[PDB]
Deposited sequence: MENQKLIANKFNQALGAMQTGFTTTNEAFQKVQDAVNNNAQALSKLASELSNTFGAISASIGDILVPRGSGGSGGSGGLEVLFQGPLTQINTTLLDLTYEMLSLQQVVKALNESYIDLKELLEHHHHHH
């Protein structure tokens, strides 16, 4: 066991990468839905009003970099 540690660590890294990739994908969908429905509300109102748009550009790019960074922790 030093080889077994490295195996479990690489294995965990793969799971962590999937989790943040998936999280990033979910946030994109949330942004699109919230913003579509905000614009629909604004349009209906035209036919206060203070709606807000979601912008998660920074967060989504940051999650992508996190998955990238994890790639560099793998053990050959």
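Asker: Could you spell out the stretches of the deposited sequence that were left without C-alpha coordinates, going in sequence order?
Answerer: Unobserved in coordinates, per deposited numbering: 1 to 2, 50 to 88, 118 to 129.
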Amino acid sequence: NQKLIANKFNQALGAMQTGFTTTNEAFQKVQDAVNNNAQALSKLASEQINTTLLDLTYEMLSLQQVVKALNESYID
From here on, numbers count along this sequence of modelled residues.
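Asker: Could you check the entry and say whether 58 to 66 or 8 to 16 has the higher mean CA B-factor?
Answerer: So the stretch with the higher mean C-alpha B-factor is 8 to 16.
Asker: Say you rank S46, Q31, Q48, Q39 by Cα B-factor from the PDB entry; which sits at the top?
Answerer: Of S46, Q31, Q48, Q39, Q48 has the highest C-alpha B-factor.
Asker: Where does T52 sit by CA temperature factor within its chain: lowest, middle or highest third?
Answerer: It belongs to the highest third of the chain when residues are ordered by C-alpha B-factor.
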